[PDB]
Amino acid sequence: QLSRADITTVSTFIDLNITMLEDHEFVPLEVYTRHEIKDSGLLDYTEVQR
Amino acid sequence: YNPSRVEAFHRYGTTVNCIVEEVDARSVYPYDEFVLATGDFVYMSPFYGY
Ligand SMILES: *[C@@H]1O[C@H](CO)[C@@H](O)[C@H](O)[C@H]1NC(C)=O
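Just so you know, the protein sequences line up as chains C and A, in that order. Residue numbers for the first sequence follow the authors' numbering, so the first one is 658 and each next one is one higher. Residue numbers for the second sequence follow the authors' numbering, so the first one is 254 and each next one is one higher.
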């Protein structure tokens, strides 16, 4: 009696590798926050009047 | 300061109050002038010098 792995084996199937799409996490990103846009002005009427 | 009370007469009273304050100056490109926290414009480059 001999084991099943003692004889050479050939794959009769046509392998098809399937790599699922990895999960992705999106982080917040802004070129200019609303605070930066407000600060872009040279003068602010609110602060000047205050 | 105001003048003392003298009947049916106009009087002029001068008041001089020296004031010194620390203000945050701001400037934008080409940086040829800058403003102050009080809203006053200064037509001189912040980097002007000899
Ligand atoms: C992936 O597919 C290939 C054939 O494209 C196959 O040879 C391989 O054994 C498969 N599995 C792994 C883990 O690479």
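Every residue, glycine too, gets a C-beta built ideally from N, C-alpha and C.
- Boundaries of the alpha helix (DSSP H) around C/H692: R691 to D696.
- Its Cα nearest to that of A/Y284, the residue A/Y296 stands out among A/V273, A/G292 and A/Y296.
- Around ligand 1, the residues selected by a Cβ distance under 5 Å to any of its heavy atoms are C/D672 and C/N674, following chain order.
- Residues of chain A with a Cβ closer than 8 Å to the Cβ of C/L699 are, in chain order, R279, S280, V281 and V288.
- Taking 8 Å as the cut-off, the beta carbon of C/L700 is found no closer than this to the beta carbon of A/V281.
- Distance from the CA of A/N255 to the CA of A/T268, rounded to the nearest whole angstrom, comes to 8 Å.
- The C-alpha of A/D293 is placed about 18 Å away from the C-alpha of A/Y301.
- Within the model, the alpha-carbon separation for C/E693 versus A/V288 is close to 18 Å.
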